[PDB]
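Participant: Input final.tsv, format and content: TSV, C-alpha atoms.
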```
chain	number	residue	atom	x	y	z
A	25	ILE	CA	71.31	128.61	109.24
A	26	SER	CA	71.62	128.15	105.51
A	27	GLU	CA	71.53	124.55	104.37
A	28	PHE	CA	72.43	125.94	100.96
A	29	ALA	CA	75.66	127.30	102.48
A	30	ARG	CA	76.26	123.92	104.11
A	31	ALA	CA	75.96	122.18	100.73
A	32	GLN	CA	78.43	124.56	99.12
A	33	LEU	CA	81.06	123.61	101.69
A	34	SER	CA	80.13	120.01	101.14
A	35	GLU	CA	81.19	120.46	97.49
A	36	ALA	CA	84.57	121.73	98.70
A	37	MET	CA	84.99	118.68	100.92
A	38	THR	CA	84.17	116.34	98.05
A	39	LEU	CA	86.61	117.99	95.63
A	40	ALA	CA	89.39	118.12	98.23
A	41	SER	CA	88.72	114.49	99.19
A	42	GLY	CA	89.20	113.48	95.54
A	43	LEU	CA	92.94	114.21	95.87
A	44	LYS	CA	93.62	112.20	99.04
A	45	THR	CA	94.90	109.11	97.29
A	46	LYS	CA	97.07	110.94	94.78
A	47	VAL	CA	98.68	113.06	97.51
A	48	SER	CA	99.09	110.09	99.92
A	49	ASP	CA	100.76	108.11	97.08
A	50	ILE	CA	103.34	110.82	96.49
A	51	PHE	CA	104.03	111.13	100.24
A	52	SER	CA	104.51	107.38	100.56
A	53	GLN	CA	106.63	107.10	97.33
A	54	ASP	CA	108.80	110.18	97.69
A	55	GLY	CA	108.46	111.38	101.31
A	56	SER	CA	107.48	114.78	99.93
A	57	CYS	CA	104.32	116.89	99.55
A	58	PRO	CA	103.25	117.75	95.99
A	59	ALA	CA	102.54	121.40	95.14
A	60	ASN	CA	100.16	122.14	92.24
A	61	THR	CA	100.40	125.90	91.72
A	62	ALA	CA	101.23	124.59	88.28
A	63	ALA	CA	100.27	121.11	87.10
A	64	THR	CA	102.64	118.54	88.51
A	65	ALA	CA	103.00	114.81	87.88
A	66	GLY	CA	99.57	113.31	88.37
A	67	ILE	CA	97.77	116.40	89.73
A	68	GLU	CA	96.21	119.23	87.78
A	69	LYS	CA	96.89	122.91	88.35
A	70	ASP	CA	94.93	124.11	91.37
A	71	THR	CA	92.69	126.50	89.40
A	72	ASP	CA	91.86	123.62	87.03
A	73	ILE	CA	90.40	121.72	90.04
A	74	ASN	CA	87.15	123.57	90.55
A	75	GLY	CA	83.40	123.26	90.94
A	76	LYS	CA	80.24	125.28	91.03
A	77	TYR	CA	81.28	126.92	94.33
A	78	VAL	CA	85.00	126.10	94.53
A	79	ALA	CA	87.61	128.23	92.76
A	80	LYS	CA	90.68	126.02	93.19
A	81	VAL	CA	92.08	123.07	95.12
A	82	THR	CA	95.71	123.49	96.14
A	83	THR	CA	98.03	120.75	97.36
A	84	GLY	CA	100.92	121.76	99.58
A	85	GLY	CA	101.97	121.56	103.18
A	86	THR	CA	105.18	120.76	104.93
A	87	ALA	CA	106.34	117.13	105.10
A	88	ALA	CA	106.91	115.53	108.50
A	89	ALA	CA	107.41	111.87	109.54
A	90	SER	CA	103.70	111.95	110.49
A	91	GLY	CA	102.50	113.37	107.16
A	92	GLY	CA	101.74	117.06	106.89
A	93	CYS	CA	100.59	117.43	103.30
A	94	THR	CA	97.55	119.58	102.81
A	95	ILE	CA	94.76	119.80	100.29
A	96	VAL	CA	93.07	123.21	100.48
A	97	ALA	CA	89.85	124.09	98.69
A	98	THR	CA	89.22	127.81	98.21
A	99	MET	CA	85.64	129.00	97.68
A	100	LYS	CA	84.70	131.36	94.89
A	101	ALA	CA	84.37	135.05	95.67
A	102	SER	CA	80.83	135.36	94.23
A	103	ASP	CA	77.87	133.10	93.38
A	104	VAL	CA	78.51	131.51	96.78
A	105	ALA	CA	76.83	132.26	100.13
A	106	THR	CA	78.32	135.48	101.46
A	107	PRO	CA	79.93	134.08	104.66
A	108	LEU	CA	81.71	131.45	102.57
A	109	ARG	CA	83.18	133.73	99.92
A	110	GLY	CA	86.95	133.18	99.66
A	111	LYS	CA	86.96	130.80	102.65
A	112	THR	CA	89.04	127.64	102.75
A	113	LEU	CA	88.59	124.03	103.77
A	114	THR	CA	91.78	122.04	104.49
A	115	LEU	CA	92.49	118.29	104.64
A	116	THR	CA	95.78	117.44	106.37
A	117	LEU	CA	97.58	114.10	106.23
A	118	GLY	CA	98.48	112.63	109.61
A	119	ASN	CA	99.34	109.44	111.48
A	120	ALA	CA	101.87	108.38	108.82
A	121	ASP	CA	104.49	107.22	111.35
A	122	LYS	CA	102.02	105.46	113.68
A	123	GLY	CA	99.38	103.61	111.63
A	124	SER	CA	96.87	104.06	108.83
A	125	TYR	CA	97.05	107.49	107.24
A	126	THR	CA	94.40	109.96	108.40
A	127	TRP	CA	93.04	113.16	106.87
A	128	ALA	CA	91.85	115.72	109.40
A	129	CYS	CA	89.53	118.44	108.20
A	130	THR	CA	89.75	122.07	109.24
A	131	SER	CA	88.34	125.29	107.82
A	132	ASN	CA	88.37	129.02	108.25
A	133	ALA	CA	84.59	129.17	107.70
A	134	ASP	CA	82.18	129.36	110.61
A	135	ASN	CA	81.47	126.05	112.33
A	136	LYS	CA	77.74	126.45	111.67
A	137	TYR	CA	78.34	125.68	107.97
A	138	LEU	CA	80.78	122.82	108.41
A	139	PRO	CA	80.46	119.07	108.69
A	140	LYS	CA	80.79	117.90	112.32
A	141	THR	CA	84.25	116.37	111.68
A	142	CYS	CA	85.54	119.74	110.38
A	143	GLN	CA	84.51	121.97	113.30
A	144	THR	CA	86.71	123.57	115.92
A	145	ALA	CA	86.10	123.33	119.67
A	146	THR	CA	85.72	126.38	121.93
A	147	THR	CA	85.96	126.12	125.74
A	148	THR	CA	86.03	128.45	128.75
A	149	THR	CA	89.31	129.01	130.63
A	150	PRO	CA	90.28	129.46	134.31
B	25	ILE	CA	131.24	108.30	92.94
B	26	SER	CA	130.55	111.81	94.22
B	27	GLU	CA	131.48	113.34	97.59
B	28	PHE	CA	127.75	113.89	98.07
B	29	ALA	CA	126.88	110.25	97.63
B	30	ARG	CA	129.69	109.42	100.05
B	31	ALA	CA	128.31	111.85	102.63
B	32	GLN	CA	124.83	110.41	102.30
B	33	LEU	CA	125.86	106.78	102.84
B	34	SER	CA	128.23	107.94	105.61
B	35	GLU	CA	125.27	109.47	107.51
B	36	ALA	CA	123.53	106.13	107.40
B	37	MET	CA	126.68	104.44	108.78
B	38	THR	CA	126.96	107.07	111.51
B	39	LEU	CA	123.34	106.85	112.62
B	40	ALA	CA	123.38	103.06	112.60
B	41	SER	CA	126.67	103.02	114.50
B	42	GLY	CA	125.16	105.25	117.21
B	43	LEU	CA	122.97	102.31	118.26
B	44	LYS	CA	125.71	99.63	118.51
B	45	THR	CA	126.31	100.01	122.26
B	46	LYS	CA	122.61	100.15	123.12
B	47	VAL	CA	121.70	97.13	121.01
B	48	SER	CA	124.63	95.02	122.15
B	49	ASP	CA	123.90	95.96	125.80
B	50	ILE	CA	120.33	94.67	125.49
B	51	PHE	CA	121.41	91.47	123.71
B	52	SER	CA	123.84	90.84	126.56
B	53	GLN	CA	121.48	91.86	129.40
B	54	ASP	CA	118.11	90.58	128.10
B	55	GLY	CA	119.36	87.81	125.77
B	56	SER	CA	117.14	88.95	122.84
B	57	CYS	CA	117.38	91.57	120.11
B	58	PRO	CA	115.48	94.85	120.71
B	59	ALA	CA	112.97	96.02	118.13
B	60	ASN	CA	112.17	99.71	117.89
B	61	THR	CA	109.04	99.81	115.68
B	62	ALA	CA	107.83	101.74	118.68
B	63	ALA	CA	110.27	103.36	121.09
B	64	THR	CA	111.62	100.68	123.47
B	65	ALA	CA	113.65	100.96	126.67
B	66	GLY	CA	116.98	102.50	125.70
B	67	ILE	CA	116.13	103.13	122.00
B	68	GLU	CA	114.02	105.69	120.11
B	69	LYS	CA	111.29	104.82	117.61
B	70	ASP	CA	112.87	104.00	114.28
B	71	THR	CA	111.32	106.95	112.44
B	72	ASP	CA	112.61	109.32	115.14
B	73	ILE	CA	116.20	108.26	114.35
B	74	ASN	CA	116.78	110.25	111.20
B	75	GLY	CA	119.03	112.78	109.53
B	76	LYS	CA	119.51	114.90	106.43
B	77	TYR	CA	119.68	111.78	104.23
B	78	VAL	CA	118.26	109.01	106.44
B	79	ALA	CA	114.57	108.35	107.08
B	80	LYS	CA	114.71	105.77	109.87
B	81	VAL	CA	116.97	103.38	111.73
B	82	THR	CA	115.41	100.09	112.77
B	83	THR	CA	116.76	97.58	115.28
B	84	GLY	CA	115.74	93.98	114.91
B	85	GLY	CA	117.14	90.64	113.92
B	86	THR	CA	117.13	87.18	115.35
B	87	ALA	CA	119.29	86.24	118.31
B	88	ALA	CA	121.94	83.59	117.87
B	89	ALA	CA	124.86	82.52	120.07
B	90	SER	CA	127.18	85.05	118.44
B	91	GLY	CA	124.71	87.93	118.30
B	92	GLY	CA	122.58	88.42	115.22
B	93	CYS	CA	120.88	91.67	116.11
B	94	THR	CA	120.59	94.10	113.23
B	95	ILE	CA	120.58	97.87	112.87
B	96	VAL	CA	119.13	98.87	109.51
B	97	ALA	CA	119.28	102.46	108.24
B	98	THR	CA	116.84	103.35	105.45
B	99	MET	CA	117.78	106.20	103.13
B	100	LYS	CA	115.25	108.89	102.36
B	101	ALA	CA	113.24	108.54	99.13
B	102	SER	CA	114.15	112.03	97.98
B	103	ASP	CA	117.00	114.52	98.39
B	104	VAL	CA	119.56	111.71	98.11
B	105	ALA	CA	121.43	110.42	94.97
B	106	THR	CA	118.96	108.44	92.88
B	107	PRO	CA	120.58	104.97	93.29
B	108	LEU	CA	120.62	105.43	97.09
B	109	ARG	CA	116.97	106.47	97.44
B	110	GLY	CA	115.13	104.10	99.78
B	111	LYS	CA	118.11	101.73	100.03
B	112	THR	CA	119.26	100.20	103.30
B	113	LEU	CA	122.54	99.75	105.13
B	114	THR	CA	122.60	96.96	107.71
B	115	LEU	CA	125.01	96.40	110.63
B	116	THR	CA	124.81	92.92	112.18
B	117	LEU	CA	126.12	91.94	115.60
B	118	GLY	CA	128.75	89.17	115.72
B	119	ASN	CA	131.53	87.62	117.86
B	120	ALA	CA	129.43	87.99	121.01
B	121	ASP	CA	130.35	84.49	122.20
B	122	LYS	CA	134.10	85.09	121.73
B	123	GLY	CA	135.25	88.58	122.58
B	124	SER	CA	134.56	92.15	121.65
B	125	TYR	CA	131.42	92.69	119.62
B	126	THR	CA	131.91	92.98	115.88
B	127	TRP	CA	129.51	94.63	113.47
B	128	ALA	CA	129.53	93.49	109.85
B	129	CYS	CA	128.18	95.89	107.24
B	130	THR	CA	125.93	94.90	104.31
B	131	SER	CA	123.62	96.92	102.08
B	132	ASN	CA	121.07	96.52	99.31
B	133	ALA	CA	122.54	99.43	97.34
B	134	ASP	CA	124.79	99.00	94.27
B	135	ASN	CA	128.35	98.25	95.41
B	136	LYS	CA	129.73	101.22	93.56
B	137	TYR	CA	128.08	103.49	96.22
B	138	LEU	CA	129.44	101.55	99.16
B	139	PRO	CA	132.74	101.55	100.99
B	140	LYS	CA	134.71	98.33	100.62
B	141	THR	CA	133.74	96.93	104.05
B	142	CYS	CA	130.03	97.07	103.06
B	143	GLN	CA	130.44	95.67	99.52
B	144	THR	CA	129.58	92.18	98.35
B	145	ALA	CA	132.11	89.99	96.54
B	146	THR	CA	131.51	88.45	93.11
B	147	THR	CA	133.52	85.58	91.68
B	148	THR	CA	133.56	83.10	88.83
B	149	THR	CA	132.68	79.46	89.41
```
As structure tokens - that is how I would like this structure written.
Facilitator:
Amino acid sequence: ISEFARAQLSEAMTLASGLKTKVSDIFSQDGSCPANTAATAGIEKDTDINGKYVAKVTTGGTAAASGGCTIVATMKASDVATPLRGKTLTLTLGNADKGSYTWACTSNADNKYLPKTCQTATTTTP
Amino acid sequence: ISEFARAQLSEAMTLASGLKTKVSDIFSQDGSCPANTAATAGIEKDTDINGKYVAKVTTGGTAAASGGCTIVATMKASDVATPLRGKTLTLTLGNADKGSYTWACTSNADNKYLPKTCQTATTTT
């Protein structure tokens, strides 16, 4: 299991996490979710938010009383571990109508490469 | 003002008014004013009482002989006329010691966006 692959996803988490306050501020001020396909007040264009392994970081999502805004990092399509190429890592705002805002992490990459708090759970059924 | 601004404030009035019976029933049965920061018996959570233009409707206030319970509608922070964004419209219970419940309307919006019954009065001194 590649620890190099794990670190690449860690970069995506860090870059996505860097937008949490800016996105939460807009949600709390305006009750809306900012979208940065182009630069928008206070947030750079998604493709201008990048790293060594991350192509873009896109804010979006659908607003609900509980939150709903998303920050999605998309991995580069080369010079990245093959199972991560083009994959995404998503932070989603929640809890906004109950208590302190939360940011849940999910991803379409395999759990083996993800931080524990970003992994899905698989169970048997009856 | 515009028909749209009127419709927006009117939604607040309508949503707040939909809680009058429930609030007044609790004041009369329990003796205290219900608070719906969380859902409470008879009343939804404030943020679950919403509309096209209205973000939440909160019951509260301090009991007095004549009532005193409040129903406060908060306007959304977007998709509403700019001067109404985030403003509140308050209905306050009165006359409870005398007869039929009355509900006086106040607001923290500019008077020009409010119907006469909800407006403040300014005079020289």
Participant: Near region 67-78 of chain A, counting all atoms listed in the file, which residues have an atom at most 6 Å away, once you skip same-chain residues fewer than 6 positions from it, shown as an MDAnalysis selection string?
Facilitator: chainID A and resid 60:61 98:100 104
Participant: Using only C-alpha atoms, find all polymer residues with an atom at most 6 Å away from the point (95.1, 123.8, 98.5); report them as an mmCIF file with C-alpha atoms, keeping the file's coordinate frame.
Facilitator:
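out-v3.cif, freshly written:
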```cif
data_model
loop_
_atom_site.group_PDB
_atom_site.id
_atom_site.type_symbol
_atom_site.label_atom_id
_atom_site.label_comp_id
_atom_site.auth_asym_id
_atom_site.auth_seq_id
_atom_site.Cartn_x
_atom_site.Cartn_y
_atom_site.Cartn_z
ATOM 1 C CA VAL A 81 92.080 123.070 95.120
ATOM 2 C CA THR A 82 95.710 123.490 96.140
ATOM 3 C CA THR A 83 98.030 120.750 97.360
ATOM 4 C CA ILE A 95 94.760 119.800 100.290
ATOM 5 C CA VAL A 96 93.070 123.210 100.480
ATOM 6 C CA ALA A 97 89.850 124.090 98.690
#
```
Participant: Name the residues in contact with region 77-86 of chain B at a cut-off of 9 Å, using only C-alpha atoms, excluding same-chain residues fewer than 3 positions from it; report them as a PyMOL selection string.
Facilitator: (chain A and resi 55+89) or (chain B and resi 31-33+35-36+39-40+43+47+56-61+67+69-74+91-104+110+116)
Participant: Could you give me, as a list in words, the residues that have an atom at most 12 Å away from the point (122.1, 98.0, 97.7) in the coordinates of the file, using only C-alpha atoms?
Facilitator: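 Returned residue set, sorted by chain then number, is residues 33, 97, 98, 99, 106, 107, 108, 109, 110, 111, 112, 113, 114, 129, 130, 131, 132, 133, 134, 135, 136, 137, 138, 139, 142, 143 and 144 of chain B.
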Participant: Using Å and a single decimal, report how far CA of residue 64 (chain B) sits from CA of residue 45 (chain B).
Facilitator: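 Straight-line distance from CA of residue 45 (chain B) to CA of residue 64 (chain B) works out to 14.8 Å.
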Participant: Compile the contact shell of residue 33 (chain A) as a PDB file with C-alpha atoms, in the frame of the given file: residues with an atom at most 8 Å away, counting only C-alpha atoms, same-chain residues fewer than 2 positions apart removed.
Facilitator:
```
ATOM      1  CA  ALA A  29      75.660 127.300 102.480  1.00  0.00           C
ATOM      2  CA  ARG A  30      76.260 123.920 104.110  1.00  0.00           C
ATOM      3  CA  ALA A  31      75.960 122.180 100.730  1.00  0.00           C
ATOM      4  CA  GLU A  35      81.190 120.460  97.490  1.00  0.00           C
ATOM      5  CA  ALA A  36      84.570 121.730  98.700  1.00  0.00           C
ATOM      6  CA  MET A  37      84.990 118.680 100.920  1.00  0.00           C
ATOM      7  CA  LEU A 108      81.710 131.450 102.570  1.00  0.00           C
ATOM      8  CA  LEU A 113      88.590 124.030 103.770  1.00  0.00           C
ATOM      9  CA  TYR A 137      78.340 125.680 107.970  1.00  0.00           C
ATOM     10  CA  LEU A 138      80.780 122.820 108.410  1.00  0.00           C
TER      11      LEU A 138
END
```
Participant: Using 12 Å as the limit and counting all atoms listed in the file, can you tabulate each residue of chain A that touches chain B, with its shortest atom-to-atom distance in Å and the two atoms involved, as CSV?
Facilitator:
```
residue,atom,partner,partner_atom,distance
A:50,CA,B:101,CA,10.5
A:51,CA,B:101,CA,9.6
A:52,CA,B:101,CA,8.9
A:53,CA,B:101,CA,7.0
A:54,CA,B:101,CA,4.9
A:55,CA,B:101,CA,6.0
A:56,CA,B:102,CA,7.5
A:57,CA,B:102,CA,11.1
A:87,CA,B:102,CA,11.7
A:88,CA,B:71,CA,10.4
A:89,CA,B:71,CA,6.9
A:90,CA,B:71,CA,9.3
A:120,CA,B:71,CA,10.2
A:121,CA,B:71,CA,6.9
A:122,CA,B:62,CA,8.5
A:123,CA,B:61,CA,11.1
```
Participant: Between A:32, A:148, A:86, A:64, which residue has the minimum interatomic distance to residue 117 (chain A), considering only C-alpha atoms?
Facilitator: A:86
Participant: With distances taken over all atoms listed in the file, which of B:140, B:46, B:30, B:122 is nearest to residue 105 (chain B)?
Facilitator: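 Smallest separation from residue 105 (chain B) among the options: B:30.
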Participant: CA of residue 66 (chain A) and CA of residue 48 (chain A) are how many Å apart?
Facilitator: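 It comes out at 12.0 Å.
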Participant: Could you tell me how far CA of residue 34 (chain A) lies from CA of residue 147 (chain A), in Å and to one decimal?
Facilitator: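 Interatomic distance here is 26.0 Å.
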Participant: Missing atoms in region 71-101 of chain A need filling: write out N, CA and C atoms for it as a PDB file, in the coordinates of the input.
Facilitator:
```
ATOM      1  N   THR A  71      93.840 125.802  89.983  1.00  0.00           N
ATOM      2  CA  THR A  71      92.690 126.500  89.400  1.00  0.00           C
ATOM      3  C   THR A  71      91.934 125.669  88.356  1.00  0.00           C
ATOM      4  N   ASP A  72      92.536 124.579  87.899  1.00  0.00           N
ATOM      5  CA  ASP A  72      91.860 123.620  87.030  1.00  0.00           C
ATOM      6  C   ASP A  72      91.097 122.562  87.831  1.00  0.00           C
ATOM      7  N   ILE A  73      91.208 122.571  89.165  1.00  0.00           N
ATOM      8  CA  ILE A  73      90.400 121.720  90.040  1.00  0.00           C
ATOM      9  C   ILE A  73      89.350 122.606  90.713  1.00  0.00           C
ATOM     10  N   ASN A  74      88.168 122.637  90.116  1.00  0.00           N
ATOM     11  CA  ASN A  74      87.150 123.570  90.550  1.00  0.00           C
ATOM     12  C   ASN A  74      85.754 122.942  90.487  1.00  0.00           C
ATOM     13  N   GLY A  75      84.786 123.686  90.998  1.00  0.00           N
ATOM     14  CA  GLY A  75      83.400 123.260  90.940  1.00  0.00           C
ATOM     15  C   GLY A  75      82.480 124.424  90.804  1.00  0.00           C
ATOM     16  N   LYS A  76      81.206 124.193  91.051  1.00  0.00           N
ATOM     17  CA  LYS A  76      80.240 125.280  91.030  1.00  0.00           C
ATOM     18  C   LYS A  76      80.572 126.390  92.039  1.00  0.00           C
ATOM     19  N   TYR A  77      81.051 125.983  93.209  1.00  0.00           N
ATOM     20  CA  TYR A  77      81.280 126.920  94.330  1.00  0.00           C
ATOM     21  C   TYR A  77      82.744 127.050  94.727  1.00  0.00           C
ATOM     22  N   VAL A  78      83.585 126.198  94.162  1.00  0.00           N
ATOM     23  CA  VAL A  78      85.000 126.100  94.530  1.00  0.00           C
ATOM     24  C   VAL A  78      85.866 126.658  93.401  1.00  0.00           C
ATOM     25  N   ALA A  79      86.731 127.604  93.755  1.00  0.00           N
ATOM     26  CA  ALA A  79      87.610 128.230  92.760  1.00  0.00           C
ATOM     27  C   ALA A  79      88.844 127.407  92.388  1.00  0.00           C
ATOM     28  N   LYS A  80      89.432 126.764  93.389  1.00  0.00           N
ATOM     29  CA  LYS A  80      90.680 126.020  93.190  1.00  0.00           C
ATOM     30  C   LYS A  80      90.899 125.089  94.351  1.00  0.00           C
ATOM     31  N   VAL A  81      91.663 124.023  94.086  1.00  0.00           N
ATOM     32  CA  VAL A  81      92.080 123.070  95.120  1.00  0.00           C
ATOM     33  C   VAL A  81      93.592 122.906  95.037  1.00  0.00           C
ATOM     34  N   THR A  82      94.261 123.351  96.099  1.00  0.00           N
ATOM     35  CA  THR A  82      95.710 123.490  96.140  1.00  0.00           C
ATOM     36  C   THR A  82      96.331 122.465  97.066  1.00  0.00           C
ATOM     37  N   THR A  83      97.263 121.682  96.544  1.00  0.00           N
ATOM     38  CA  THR A  83      98.030 120.750  97.360  1.00  0.00           C
ATOM     39  C   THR A  83      99.322 121.418  97.795  1.00  0.00           C
ATOM     40  N   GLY A  84      99.757 121.118  99.009  1.00  0.00           N
ATOM     41  CA  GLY A  84     100.920 121.760  99.580  1.00  0.00           C
ATOM     42  C   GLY A  84     101.233 121.144 100.913  1.00  0.00           C
ATOM     43  N   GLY A  85     101.637 121.998 101.839  1.00  0.00           N
ATOM     44  CA  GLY A  85     101.970 121.560 103.180  1.00  0.00           C
ATOM     45  C   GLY A  85     103.416 121.235 103.328  1.00  0.00           C
ATOM     46  N   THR A  86     103.812 121.041 104.572  1.00  0.00           N
ATOM     47  CA  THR A  86     105.180 120.760 104.930  1.00  0.00           C
ATOM     48  C   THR A  86     105.289 119.306 105.394  1.00  0.00           C
ATOM     49  N   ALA A  87     106.194 118.553 104.784  1.00  0.00           N
ATOM     50  CA  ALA A  87     106.340 117.130 105.100  1.00  0.00           C
ATOM     51  C   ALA A  87     106.957 116.959 106.478  1.00  0.00           C
ATOM     52  N   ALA A  88     106.404 116.014 107.212  1.00  0.00           N
ATOM     53  CA  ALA A  88     106.910 115.530 108.500  1.00  0.00           C
ATOM     54  C   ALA A  88     106.862 113.992 108.491  1.00  0.00           C
ATOM     55  N   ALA A  89     107.531 113.322 109.444  1.00  0.00           N
ATOM     56  CA  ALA A  89     107.410 111.870 109.540  1.00  0.00           C
ATOM     57  C   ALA A  89     105.939 111.424 109.661  1.00  0.00           C
ATOM     58  N   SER A  90     105.120 112.268 110.267  1.00  0.00           N
ATOM     59  CA  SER A  90     103.700 111.950 110.490  1.00  0.00           C
ATOM     60  C   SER A  90     102.776 112.310 109.324  1.00  0.00           C
ATOM     61  N   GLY A  91     103.313 112.944 108.286  1.00  0.00           N
ATOM     62  CA  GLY A  91     102.500 113.370 107.160  1.00  0.00           C
ATOM     63  C   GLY A  91     102.729 114.831 106.826  1.00  0.00           C
ATOM     64  N   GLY A  92     101.657 115.615 106.898  1.00  0.00           N
ATOM     65  CA  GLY A  92     101.740 117.060 106.890  1.00  0.00           C
ATOM     66  C   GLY A  92     101.225 117.685 105.610  1.00  0.00           C
ATOM     67  N   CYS A  93     101.079 116.893 104.566  1.00  0.00           N
ATOM     68  CA  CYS A  93     100.590 117.430 103.300  1.00  0.00           C
ATOM     69  C   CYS A  93      99.179 117.914 103.454  1.00  0.00           C
ATOM     70  N   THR A  94      98.875 118.993 102.757  1.00  0.00           N
ATOM     71  CA  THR A  94      97.550 119.580 102.810  1.00  0.00           C
ATOM     72  C   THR A  94      96.896 119.627 101.452  1.00  0.00           C
ATOM     73  N   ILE A  95      95.578 119.590 101.472  1.00  0.00           N
ATOM     74  CA  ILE A  95      94.760 119.800 100.290  1.00  0.00           C
ATOM     75  C   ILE A  95      93.792 120.907 100.719  1.00  0.00           C
ATOM     76  N   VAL A  96      93.840 122.061 100.061  1.00  0.00           N
ATOM     77  CA  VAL A  96      93.070 123.210 100.480  1.00  0.00           C
ATOM     78  C   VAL A  96      92.158 123.641  99.367  1.00  0.00           C
ATOM     79  N   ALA A  97      90.854 123.540  99.599  1.00  0.00           N
ATOM     80  CA  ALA A  97      89.850 124.090  98.690  1.00  0.00           C
ATOM     81  C   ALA A  97      89.556 125.530  99.043  1.00  0.00           C
ATOM     82  N   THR A  98      89.612 126.411  98.036  1.00  0.00           N
ATOM     83  CA  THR A  98      89.220 127.810  98.210  1.00  0.00           C
ATOM     84  C   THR A  98      87.910 128.080  97.500  1.00  0.00           C
ATOM     85  N   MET A  99      86.948 128.639  98.242  1.00  0.00           N
ATOM     86  CA  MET A  99      85.640 129.000  97.680  1.00  0.00           C
ATOM     87  C   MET A  99      85.730 130.193  96.750  1.00  0.00           C
ATOM     88  N   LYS A 100      84.847 130.210  95.769  1.00  0.00           N
ATOM     89  CA  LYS A 100      84.700 131.360  94.890  1.00  0.00           C
ATOM     90  C   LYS A 100      84.335 132.604  95.672  1.00  0.00           C
ATOM     91  N   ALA A 101      84.527 133.747  95.032  1.00  0.00           N
ATOM     92  CA  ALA A 101      84.370 135.050  95.670  1.00  0.00           C
ATOM     93  C   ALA A 101      83.041 135.700  95.314  1.00  0.00           C
TER      94      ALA A 101
END
```
